[PDB]
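Here we start with a single chain on its own, the form deposited without the ligand, put down as structure tokens.
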């Protein structure tokens, strides 16, 4: 239950381009944290790298413990080069696959890895014990320094350069330059079943994913078992994890291929905008088949076309919590407070005496309810703990300030603009929230993976167009809605979720596309202390990084 994570400057080559990246213990992707349900894990983080950094345990509630949650300038100031900080990871309701990642700037492009939470002793999976288990991390690779990619977009006000490759476990795969020799490979044995622990650790795109010749039985997401369902492909958004069983059925007598491509490729609908649309591949190999069975290329799966919105919708519609006696659910039935939260990409005016590269030569930005979040220089959590004025404003609104036909295409240029602020939403302990995310069509309808730190939530509804508060709740799933920490809000649509705000602390909510995070598609929930010691935020640890 104890790890040392040393942030290292590590030389890595992909696509024949060598660079020095930030990595953890010289590993890219970083090491896997293994735990069992309800463990407490300690991670000592030693920043031996060249820049300010933080780490986050994605999807871990961290009850009463925002001090170890990680988001830069939200719960802590950064771990400075040469400093260290000890994180306490408190696992509770989570069982399945989560992941950890840097939560500063774009550092998670290389600083990330898996979290595996096994059933605690005396319990078992709700499915037959897999023969083997394999994390499958989807990610991106840039040849340039990721920090320079970020800094250039900050200077120009234009869009972030697209990655040069999509990756599986750090490796672009068979169809990229200088990549075929080190394509990720896993061995399978006929008749055995494998648990694929799929994590989308990329920065930019929802991804379709599939394995040639093999159906996938999905059994969990975001640390919560799902009602099982079998598919030919999945959709997975940055922030999300998806667990699925693969059954190695294909013949090993030489009558069938012994090698099968695992493959992923973006789901992306904006034809006007650049995307790293390259697929990434890995190989499933049946090891006890004859050499002739691997004479040709591995078989390829059919992936939905990149703009196949129906295929995305059809996967997401199948997600439902597993509800049994061993795995109960608690859907909040009576809502104390409703929020409508419009999600937009935006512009702000270019700075004086400068030309910017964003739409209309303005500077790109993003907003929730038309507030574009800007990080403070004193982290929110210290400001809340010490009652420091002038850091944040506690009036993030429950509804957009101007109602319009949110999803109508090509809104007029005057609706592009937004305004910066550091606004948070303060709620009493135990408040039951229904949060409805409403995508707008400003600068292009787009699916956004909205993520809430400190909580999972029940996704009770979704649809296309504008949420109708007097009609859409009538068909909510109040029985087995999926329990997620990151929800794909539909392209040009809405998603409704509910949760009890019963975790006292300071909790980031943001789109899990990093460019939208930095542009300001974020806010913060401060959940005040309740009554009793179990409803009190933990005290500040003695060695928090200084601001």
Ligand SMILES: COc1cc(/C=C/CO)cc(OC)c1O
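Positions refer to the first chain, counted from 1.
Below: the form deposited with the ligand bound, not depicted.
Look at 328 to 336, 285 to 293, 439 to 447, 123 to 131: in the bound PDB entry, residues with non-hydrogen atoms within 4.5 angstroms of the ligand sit in 439 to 447. By the 4.5 Å heavy atom rule, the three marked residues 234, 318 and 462 all fail to count as contacting the ligand in the bound PDB entry. Among residues of the shown chain, residue 515 is one whose heavy atoms approach the ligand to within 4.5 Å in the bound PDB entry. Though the partner is left out of this view, residue 357 does reach within 4.5 Å of the ligand in the bound PDB entry, counting heavy atoms only. By the criterion of a heavy atom within 4.5 Å, residue 472 is excluded from the residues contacting the ligand in the bound PDB entry. Within this chain, residue 255 is remote from the site of the ligand in the bound PDB entry, having no heavy atom within 4.5 Å. Distance criterion of 4.5 Å from any heavy atom to the ligand in the bound PDB entry singles out 159 from the list 308, 159, 247, 276. Screening 345, 199, 74, 111 for any heavy atom within 4.5 Å of the ligand in the bound PDB entry leaves a single hit, 345.
Using a 4.5 Å cut-off on any heavy atom, the one residue of 240 to 272 that reaches the ligand in the bound PDB entry is 270.
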